[PDB]
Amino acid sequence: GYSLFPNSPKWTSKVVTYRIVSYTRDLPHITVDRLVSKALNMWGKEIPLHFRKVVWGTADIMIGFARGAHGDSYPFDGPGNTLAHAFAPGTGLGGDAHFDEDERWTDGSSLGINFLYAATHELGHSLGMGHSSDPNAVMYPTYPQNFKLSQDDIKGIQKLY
């Protein structure tokens, strides 16, 4: 089933702040804001953890779109191959979720990777979820138009928190 990160890293505070640092030309900013809130909320409603949005400076969870090298040890690689990545809870880069600007992202109304599903998978990592062996789980290692957390996802996040 589900998995966590080596050593079960998790957010230790009752509240975790997040910030959408950069956006994509593929969608309106407000759309990304709403979808990010929804992705967070689907994990959030299952656990004793609260998220607070900030719009400047540093937050526990820094979310953004970027092309190529962007300040961490995992530069993006253009169209295709890697699509996004996120880091387990912790200080610094810990918890951050990055999306490769060189793909095509959609709110479901156009062609593209479904951003809501992608954000839910990545933010799952940002909360401490590893990959699942259950094909129905959002945390399954491979990639949406209509979904919800699977029982395995809920079981895993509740186990961690």
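Start at 1 and count along the sequence shown; that's the residue number.
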Deposited residues missing from the model between residue 143 and residue 144 number 4 to 9
If you average the CA temperature factors as listed in the entry, which stretch comes out higher, 2 to 10 or 150 to 158?
2 to 10
Using only C-alpha atoms and the B-factors in the entry, which stretch averages higher, 96 to 104 or 32 to 40?
32 to 40
Highest Cα B-factor in the PDB entry belongs to which of 63, 111, 54, 123?
54
Criterion, highest CA B-factor; candidates, 27, 118, 47, 129
47
